[PDB]
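Each remark here refers to the structure printed beneath this line.
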Amino acid sequence: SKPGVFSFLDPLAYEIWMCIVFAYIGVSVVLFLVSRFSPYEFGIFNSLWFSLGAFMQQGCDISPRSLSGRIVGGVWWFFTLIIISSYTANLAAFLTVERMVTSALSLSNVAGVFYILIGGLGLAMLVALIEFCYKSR
Amino acid sequence: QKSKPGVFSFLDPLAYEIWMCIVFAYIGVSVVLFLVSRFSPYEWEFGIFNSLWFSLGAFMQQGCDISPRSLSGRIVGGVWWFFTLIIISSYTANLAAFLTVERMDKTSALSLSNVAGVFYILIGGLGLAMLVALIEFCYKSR
Amino acid sequence: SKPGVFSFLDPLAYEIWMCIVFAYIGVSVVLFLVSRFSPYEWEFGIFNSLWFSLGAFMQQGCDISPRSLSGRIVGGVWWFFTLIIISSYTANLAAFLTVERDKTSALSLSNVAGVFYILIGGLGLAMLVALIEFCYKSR
Amino acid sequence: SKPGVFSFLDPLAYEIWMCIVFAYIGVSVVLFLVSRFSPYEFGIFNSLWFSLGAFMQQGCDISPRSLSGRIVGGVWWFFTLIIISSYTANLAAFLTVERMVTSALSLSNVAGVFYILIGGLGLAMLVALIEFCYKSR
Amino acid sequence: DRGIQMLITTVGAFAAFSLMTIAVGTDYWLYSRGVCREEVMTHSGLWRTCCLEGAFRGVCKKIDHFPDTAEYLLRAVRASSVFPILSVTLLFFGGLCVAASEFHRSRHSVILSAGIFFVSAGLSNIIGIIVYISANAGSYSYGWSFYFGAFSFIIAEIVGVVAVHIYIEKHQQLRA
Amino acid sequence: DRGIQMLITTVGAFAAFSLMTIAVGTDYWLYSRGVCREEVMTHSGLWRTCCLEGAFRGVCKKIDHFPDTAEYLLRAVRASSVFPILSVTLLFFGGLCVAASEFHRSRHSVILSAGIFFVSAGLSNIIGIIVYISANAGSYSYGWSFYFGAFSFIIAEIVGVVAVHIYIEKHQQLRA
Amino acid sequence: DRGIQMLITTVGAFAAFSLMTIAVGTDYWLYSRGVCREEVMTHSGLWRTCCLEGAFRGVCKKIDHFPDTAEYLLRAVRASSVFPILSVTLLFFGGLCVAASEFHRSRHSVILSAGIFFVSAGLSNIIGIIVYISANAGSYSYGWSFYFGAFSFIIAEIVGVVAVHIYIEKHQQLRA
Amino acid sequence: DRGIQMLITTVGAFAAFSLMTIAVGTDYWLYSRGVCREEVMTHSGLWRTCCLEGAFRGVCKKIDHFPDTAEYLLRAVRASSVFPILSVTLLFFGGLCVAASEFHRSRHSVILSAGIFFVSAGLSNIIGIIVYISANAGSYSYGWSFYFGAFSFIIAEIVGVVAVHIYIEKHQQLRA
Ligand SMILES: CCCCCCCC/C=C/CCCCCCCC(=O)OC[C@H](O)CO
Ligand SMILES: CCCCCCCC/C=C/CCCCCCCC(=O)OC[C@H](O)CO
Ligand SMILES: CCCCCCCC/C=C\CCCCCCCC(=O)OC[C@H](O)CO
Ligand SMILES: CCCCCCCC/C=C\CCCCCCCC(=O)OC[C@H](O)CO
Ligand SMILES: CCCCCCCCCCCCCCCC(=O)O
Ligand SMILES: CCCCCCCCCCCCCCCC(=O)O
Ligand SMILES: CCCCCCCCCCCCCCCC(=O)O
Ligand SMILES: CCCCCCCCCCCCCCCC(=O)O
């Protein structure tokens with residue numbers, strides 16, 4: 001069949017994606033909570049940014065310093081490593097069993113990520129305009 | 001038939017001995033990084049707790065808030081980086097092998113049952129973190 | 001089947017590579033725009049935006065991260081894009097190396113020679129640009 | 001056959017490994033050179049640390065700021081991404097065509113990385129002692 | 001914005017509790033093809049399964065939750081719905097703390113404890129969802145009861161964040 | 001570089017608009033085997049497909065875009081080619097703002113508006129390309145019309161950056 | 001915590017040494033099927049293999065380590081078990097340094113030496129384990145002797161850290 | 001340490017040049033099984049192949065080389081050994097600059113240019129190695145000529161870094 005727009009999600013079941021989102025929220029909220037009632041800048045917005053960047057195995061501008069922050073961060077790092085490796089491994093499986101049955105990936109079976117990307121850029125520009133107008137008045 | 005997925009089946013790509021030696025290597029690296037960073041009396045941020053955090057983050061490929069600056073620290077860091085790269089690639093590669101060829105070819109999406117263990121460890125860690133935060137609070141408030 | 005100098009591009013179609021380049025430029029420009037015209041603040045000029053985006057795609061992390069909500073949305077979707085695309089590259093390369101269209105060989109220098117040539121070409125270009133910058137700034 | 005101690009190098013040919021080492025040196029030296037004769041702390045040792053960390057996709061304490069430094073860094077990043085992906089992909093190939101001819105990998109076919117690790121720790125301790133004695137006298 | 005913050009907290013606490021209690025009560029978690037006692041389209045919940053069509057339509061039978069330590073524990077935990085119920089309990093206690101805050105303004109920790117209850121309720125909710133889905137695995141769709149549980153989780157986490165902000169701002173303002 | 005910046009902006013605005021309009025008009029997007037009525041080599045644009053060798057050489061015919069809701073939406077969007085046209089519209093408005101900025105020196109935002117329009121044109125352009133490619137493949141080559149679209153995107157983004165720089169410099173010099 | 005630090009160091013030094021010495025002595029590293037002379041269940045250490053059920057129950061025999069240069073070196077290193085023995089030696093020297101440090105308060109480096117010895121013992125221990133595992137597999141289970149080795153490693157590393165902390169605190173207080 | 005730095009620079013320049021020239025001259029790059037004109041063990045270089053045993057032993061021919069734009073260019077570049085020779089040339093010029101430095105201390109850029117030549121020589125060396133290996137691909141082992149080339153690369157890079165450090169320290173010292 002012709003690949004579907006969001007076919008890049010296929011390696012993991014819908015329930016895994018949904019639970020990833022919930023785990024993301026739970027981690028961000030607990031990191032925020034343990035950081036503000038701890039002896040020794042993880043507000044909620046920065047907690048969400050830390051967690052997002054951790055899941056994408058990207059940069060962190062800040063890492064937790066407390067023991068509780070570091071426990072939260074450490075388990076989220078471990079979860080991320082398993083889940084991303086699982087995505088890659090299962091995608092390799094789907095593509096190897098399809099080749100057994102050029103096989104270069106076509107724009108069509110990653111088109112959804114491009115649409116989400118450009119949608120995000122559009123949304124970002126809109127939010128920038130809104131925030132700017134709000135700060136103007 | 002197809003063995004229904006176990007909790008902790010996410011550990012299956014690597015033998016139990018590899019996992020236990022990863023944990024020992026982790027401790028050894030953290031302690032040597034601490035040692036070669038400190039006893040040098042020229043300088044004395046790589047205390048033991050920060051050493052453990054640096055090492056953990058290196059293994060999870062999450063990078064760092066601090067990097068070693070000495071030659072000894074950098075040797076330790078460098079070999080731990082190399083070890084990490086080989087081990088994680090090995091995990092991904094062997095998991096791909098297991099998912100492609102059944103050894104008790106349709107290939108199905110991973111189900112929540114295949115990764116449920118990692119979710120339980122995660123939520124366990126969040127619970128533990130909250131408990132430790134309460135304990136720290138009570139200690140430091142008295 | 002002689003590998004071919006630029007055979008490392010084979011896992012992804014030519015259209016994906018060209019759209020990656022366009023997405024890269026678009027992301028860099030929007031990150032610059034939503035970081036600047038906000039007159040409340042005015043480090044994410046255009047050159048630094050391009051560097052942030054390049055490092056994000058190569059999964060090399062950053063010297064600077066966006067602090068605004070708009071910058072973080074842009075960064076977040078670019079991070080997600082990067083993750084999917086790179087995983088796709090690795091997965092499809094695993095497919096081609098597993099099934100020929102049965103033993104598996106180690107990759108030979110011929111399979112990755114193109115990447116070496118691009119690397120050494122970049123080093124040569126960098127040295128040339130350094131000389132030019134030096135001569136410009138010294139007069 | 002029983003796996004060899006350095007069997008973890010098998011996915012890439014010996015010539016690739018050797019050229020990776022040479023490319024590493026060449027990159028580090030050019031980064032150092034373009035950084036010291038550029039208008040606008042990459043001395044030779046920091047250049048060699050930046051490059052090592054880039055190849056291991058383990059981030060950095062410092063990134064180049066000049067155009068020439070960023071070109072060098074960019075091509076080294078690209079090279080790294082292709083080479084690491086190639087390693088993982090070919091290792092997946094070797095392990096799949098074996099399962100098609102214990103599921104889990106054994107300590108024996110990663111034993112070499114453990115030996116290199118502990119060797120490096122020993123060497124690090126030795127260098128620390130040497131440097132300490134040198135700075136003492 | 002303390003008035004509005006408290007308004008959001010109270011409304012959200014009530015919303016989370018209502019959604020979670022309805023979800024635990026109602027029987028539209030899963031649309032599958034089982035039997036109320038031939039297989040027909042059903043609609044199961046946490047406790048009962050019911051027929052969606054045909055003669056026995058509207059007839060519901062207690063789920064035989066039961067027909068390997070791990071399988072046993074999962075089946076036990078899913079049978080009793082420990083975690084959905086625990087999340088309902090914690091939401092109730094969080095609501096009690098939020099209500100009690102106004103009637104006792106001397107002590108600060110009341111609203112903080114509200115926040116902590118809500119956060120904990122969300123965590124229990126997550127564990128419940130995972131257990132439920134995993135136990136089912138051992139075609140289909142999810143009903144509106146399932147999504148009521150999910151929305152309860154989201155709202156609970158939001159209310160927890162707002163409660164902790166109230167406590168933080170009280171201590172920040174008073175201390176300085 | 002103020003004068004030079006404005007010159008680059010104006011020339012670039014015109015160049016981007018011209019390239020994109022030509023691309024949307026001309027019929028050399030794709031080189032493929034088909035029939036404009038055995039199938040011969042042809043060339044297609046967004047609207048017409050035309051044979052370039054044979055008895056019917058130089059003949060053209062309207063593409064039948066409509067010979068799976070996602071497939072339907074893709075077919076609709078690619079049939080209207082709303083995105084290339086929207087890119088041309090936004091380039092037109094950006095050019096108009098650049099022209100107007102020369103008059104209303106009092107209001108800075110005019111040139112900023114130009115900037116934004118150009119940036120947005122670039123985004124719509126990229127969507128266009130993806131949709132186009134995604135719909136076609138659902139051998140061949142790309143003609144000069146396609147590359148005119150691509151170069152339009154690049155120039156549009158460059159001009160957007162330069163325009164925003166002009167506005168930034170205005171609001172910086174004003175502060176000085 | 002100075003007194004407590006030294007108490008932990010001394011107790012830990014003794015514990016690590018005792019555990020590692022017992023582990024190297026006792027014969028419950030591996031549980032596997034073999035013959036100490038059909039093959040019965042047995043238990044092996046570093047040197048002796050002994051049957052634990054059958055006619056010859058309680059019988060023991062020297063392992064034949066030597067029944068491919070890398071294989072030869074592995075066999076050699078695992079036959080001598082140089083690394084577990086070296087770990088015991090270094091733990092002994094570390095303990096001796098800890099005892100001596102109580103006397104020569106003038107020379108700080110004594111306790112630092114203790115630290116280093118313990119750390120080094122840990123490393124040799126890990127090499128031992130890897131060599132052991134690598135050689136064996138070239139079903140089964142691990143006995144309490146193996147886990148004594150593992151716990152020795154952990155305690156050795158902890159005591160090394162504490163010793164280095166003592167030395168650091170000495171050179172810090174001295175500077176004050 | 002300027003005296004020692006200059007000593008290292010001169011000795012290293014000579015060593016790199018000697019090693020690279022020998023490598024480009026000698027004929028022990030590759031041990032394979034070809035023919036000097038049955039297949040026997042040979043020992044090829046950049047220009048000639050020779051028999052290592054049997055009757056025709058000591059007899060050397062010329063590598064055919066020439067016996068698909070990419071394949072053509074690779075074969076051309078490898079046939080002429082452009083890059084090894086270019087690396088020899090650049091090492092020669094670097095040595096000339098290093099020698100000329102002392103006889104003309106007025107101008108600084110001389111040693112800087114020495115460093116740049118050496119760095120460039122190393123890069124050419126790398127390209128040569130890659131081209132050579134890749135061209136061979138289109139059992140075997142590498143001889144001592146190959147490793148002479150490799151060591152030339154390493155030394156060239158180390159001399160380049162020392163030369164640049166001489167220049168940097170001269171400008172740093174004089175400027176301040
Ligand atoms: C410095 C602060 C660090 C604190 C944060 C570090 C967290 C990182 C690691 C988490 C995984 C740990 C748990 C690993 C899971 C063990 C599961 C297990 O043992 O399973 C037994 C097996 O399934 C029998 O059949
Ligand atoms: C801001 C500073 C950034 C500057 C540094 C960024 C470097 C990153 C990218 C390098 C790869 C670029 C070259 C990609 C290789 C193209 C090869 C190609 O087009 O091949 C044609 C094909 O093989 C026909 O058959
Ligand atoms: C910047 C300061 C310097 C940083 C510090 C340096 C750390 C290097 C880390 C990892 C690479 C080294 C590990 C790889 C060693 C190779 C092992 C090997 O060669 O084994 C194969 C053998 O040849 C059988 O063929
Ligand atoms: C504090 C941080 C602020 C947050 C910054 C925002 C960036 C979040 C990043 C990426 C996720 C977006 C990608 C996921 C898009 C969801 C749509 C989707 O996958 O569609 C599937 C479709 O429903 C078929 O069934
Ligand atoms: C930090 C974690 C957040 C990561 C964001 C990843 C994006 C998740 C998208 C999940 C959407 C769920 C839809 C499933 C797809 C389907 O079944 O068709
Ligand atoms: C650097 C630390 C990374 C985290 C490593 C996780 C350790 C997992 C648990 C190790 C113990 C043994 C687990 C394997 C048991 C089995 O299923 O056979
Ligand atoms: C974010 C920038 C990452 C670098 C991306 C590399 C781009 C490679 C070159 C793109 C042009 C087309 C290459 C494919 C040609 C082909 O072989 O068909
Ligand atoms: C930053 C780049 C450096 C990365 C270090 C990776 C280690 C390279 C090791 C190469 C050794 C060459 C031996 C090849 C193995 C063999 O053929 O048996």
Side-chain angles (χ1 to χ4, degrees), chain B residues 11-18 20-22 24-25 28-29 31-33 35-41 57-58 61-64 66-103, chain D residues 8-9 11 45-46 48-50 52-53 55-62 80 84-85 87-132 134 136:
Chain B
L11 299 175
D12 286 359
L14 306 179
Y16 151 80
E17 290 94 325
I18 290 167
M20 76 175 286
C21 288
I22 283 162
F24 293 161
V29 164
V31 170
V32 170
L33 181 58
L35 168 62
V36 301
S37 298
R38 292 296 87 169
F39 75 87
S40 305
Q61 310 194 304
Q62 288 290 2
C64 63
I66 54 168
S67 219
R69 289 182 181 168
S70 51
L71 178 66
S72 296
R74 284 175 178 191
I75 290 162
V76 167
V79 291
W80 185 234
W81 287 349
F82 186 59
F83 172 94
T84 293
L85 180 76
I86 298 304
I87 289 300
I88 285 169
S89 297
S90 297
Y91 180 91
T92 305
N94 207 46
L95 179 66
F98 292 0
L99 292 173
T100 316
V101 178
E102 251 89 285
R103 290 251 252 60
Chain D
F8 69 87
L9 299 176
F45 183 38
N46 276 359
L48 281 160
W49 183 238
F50 168 85
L52 182 66
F55 186 77
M56 304 283 184
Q57 300 219 14
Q58 277 291 353
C60 61
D61 29 17
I62 59 175
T80 293
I84 297 315
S85 296
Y87 181 86
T88 306
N90 206 45
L91 178 68
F94 169 87
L95 291 173
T96 308
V97 311
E98 221 195 3
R99 220 178 141 73
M100 248 184 318
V101 149
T102 315
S103 306
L105 278 190
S106 76
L107 190 50
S108 304
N109 45 11
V110 289
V113 280
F114 282 89
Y115 298 144
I116 290 159
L117 177 63
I118 308 310
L121 292 193
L123 173 65
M125 277 164 98
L126 193 76
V127 165
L129 179 88
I130 282 166
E131 293 300 320
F132 158 83
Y134 176 95
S136 185

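Just so it is clear, the values below take in all heavy atoms, side chains as well, and ignore hydrogens, waters and symmetry mates. Chain letters run A, B, ... following the sequence lines, proteins first, then strands; residues in each count from 1.
- Formation of a donor-acceptor pair under 3.5 Å by the B/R103 side chain with backbone atoms of D/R99 is found in this model.
- Each of D/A89, D/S106, D/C60, D/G119 has some count of heavy-atom pairs under 4.5 Å with chain B, and the biggest count is that of D/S106.
- Residue contact with chain D, scored on non-hydrogen atoms closer than 4.5 Å, involves the side chain of B/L35 exclusively.
- When heavy atoms are compared at a cutoff of 4.5 Å, D/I84 approaches chain B solely by way of its side chain, counted from C-beta outward.
- Between chain B and the options D/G59, D/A111, D/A92, heavy-atom pairs under 4.5 Å are most frequent for D/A92.
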After noting the C-alpha distance and the side-chain angles of D/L123 and D/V127, does the key distance pass the side chain to side chain contact (heavy atoms under 4.5 Å, CB included) rule?
CA-CA 6 Å; D/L123 173 65; D/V127 165; 4.1 Å; yes
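- Side-chain contact, D/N46 with B/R74: a donor N or O sits under 3.5 Å from an acceptor N or O.
- The side-chain heavy atoms of D/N109 and D/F8, taken from C-beta on, include no pair separated by under 4.5 Å.
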Full working for side chain to side chain contact (heavy atoms under 4.5 Å, CB included) between B/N94 and B/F98
CA-CA 6 Å; B/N94 207 46; B/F98 292 0; 3.0 Å; yes
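- Most heavy-atom pairs under 4.5 Å with chain D, from the set B/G28, B/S67, B/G73: that is B/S67.
- Of the residues listed (D/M56, D/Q58, D/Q57), the one engaging B/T84 in a side chain to side chain contact (heavy atoms under 4.5 Å, CB included) is D/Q58, and it is the only one.
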Assess whether side chain to side chain contact (heavy atoms under 4.5 Å, CB included) is satisfied between D/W49 and D/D61, documenting all intermediate values.
CA-CA 9 Å; D/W49 183 238; D/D61 29 17; 3.6 Å; yes
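- Only the side chain of D/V110 comes within less than 4.5 Å of a heavy atom of chain B; its backbone N, CA, C and O stay farther away.
- In this structure, chain D has a heavy atom under 4.5 Å from the side chain of B/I87, while its backbone stays farther away.
- Here the CG atom belonging to D/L91 is positioned 11.5 Å from the CG atom belonging to D/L9, to the nearest 0.5 angstrom.
- Interface residue B/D12: only backbone heavy atoms are found under 4.5 Å from chain D.
- Ranked by heavy-atom pairs under 4.5 Å with chain D, the first of B/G78, B/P13, B/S72, B/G77 is B/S72.
- Proximity to chain D involves both the backbone and the side chain of B/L14, based on heavy atoms less than 4.5 angstrom apart.
- Counting heavy-atom pairs under 4.5 Å between each of B/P68, B/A58, B/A25 and chain D puts B/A58 at the top.
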